[PDB]
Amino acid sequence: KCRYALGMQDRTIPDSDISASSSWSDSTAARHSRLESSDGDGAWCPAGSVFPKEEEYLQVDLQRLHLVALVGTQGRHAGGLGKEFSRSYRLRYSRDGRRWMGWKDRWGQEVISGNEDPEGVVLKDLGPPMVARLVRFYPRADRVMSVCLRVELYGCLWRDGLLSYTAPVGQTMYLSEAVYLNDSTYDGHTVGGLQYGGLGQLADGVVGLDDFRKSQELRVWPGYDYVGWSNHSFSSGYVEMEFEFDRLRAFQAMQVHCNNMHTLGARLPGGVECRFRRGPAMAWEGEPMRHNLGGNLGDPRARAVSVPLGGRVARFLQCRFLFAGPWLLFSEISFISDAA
């Protein structure tokens, strides 16, 4: 249940939070880009023509981190005499306001087919969704035609407060048909064999299936929903991940959704240990919290391993997941906490 209109039509989002790179006139300023609104001369329209160069855009500041799962666009209806609209567009979002990223769907496509007339509202299912603070719409024109936008953002608040998670690149198991357990949508960097500075499949609200080879999404490879690693690749015997949060929080629990199809190599982690850091010092808040999982479990259905975190206050987390079988498969990792 994460599809609430975030405020354009609604008015929650104030003019001050809606900028743009230029308006044709003051009758077509950013403030007029609210979905279903007639303010100004119908909507927002770039000043300069969106020539082969695609640099014009509308920007929306949501203030707090949000999981945007959808967007709706519209054209300049203006009473009924409006005849302009954006046929297609690209999206860029940001969390810290300095580092921007381009949205690309699960199948590598950046462009989003937009409107067909000025009136109608076209909705777009952002798969994968984006965790953002700021969102930019870059109107697209393929010929010299006057574009205009009117937008809406759907989703919900990002209450987890997870800014990013570090982790080893996803490996692949060669099993009859190659299974790719890499983080497919990670929106950060990936130097060496390590991902950092971003978010991906482990934090997208999608949980994997019991059989990790088959997924709920279409046109994707086997293993898509998961991010897994193999025991033999890590002499230490555990996968290590570091998590950074928006603010100082009291951690109640951590929840990992894992695959337990031991028939193919995947078993729940043997145990889970996490260290906490509140930020300033270069030291860990205290002794770590090691949690062992009763046993290996009979049934192969994926389950949600819940780790108690003692309500320990901190802003950085460094957990380790002990292997219990040849492989370890995760499809999601959630944190339950309260801001102190």
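Residue numbers run from 1 along the displayed sequence.
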TODO: Decide which of the stretches 136-144 and 205-213 has the higher mean C-alpha B-factor, going by the entry.
DONE: 136-144
TODO: Report the stretch with the higher mean CA temperature factor, choosing between 272-280 and 63-71 on the basis of the entry.
DONE: 272-280
Task: Residue of maximum C-alpha B factor among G155, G198, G108, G82, per deposited coordinates - done: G82
Task: Residue with maximal Cα B-factor (values as given in the PDB entry) among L58, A314, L297, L309 - done: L297
- [ ] Classify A250 as lowest, middle or highest third according to the C-alpha B-factor given in the PDB entry, relative to its own chain.
- [x] lowest
Task: Chain third (lowest, middle, highest) by recorded CA B-factor, residue given as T166 - done: lowest
TODO: Taking the chain's C-alpha temperature factors as the reference, tell me which third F234 falls into: lowest, middle or highest.
DONE: highest
Task: Ranked against its chain, the third holding the CA B-factor of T185 - done: lowest
Task: For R87, the third of its chain into which the C-alpha B factor falls - done: middle
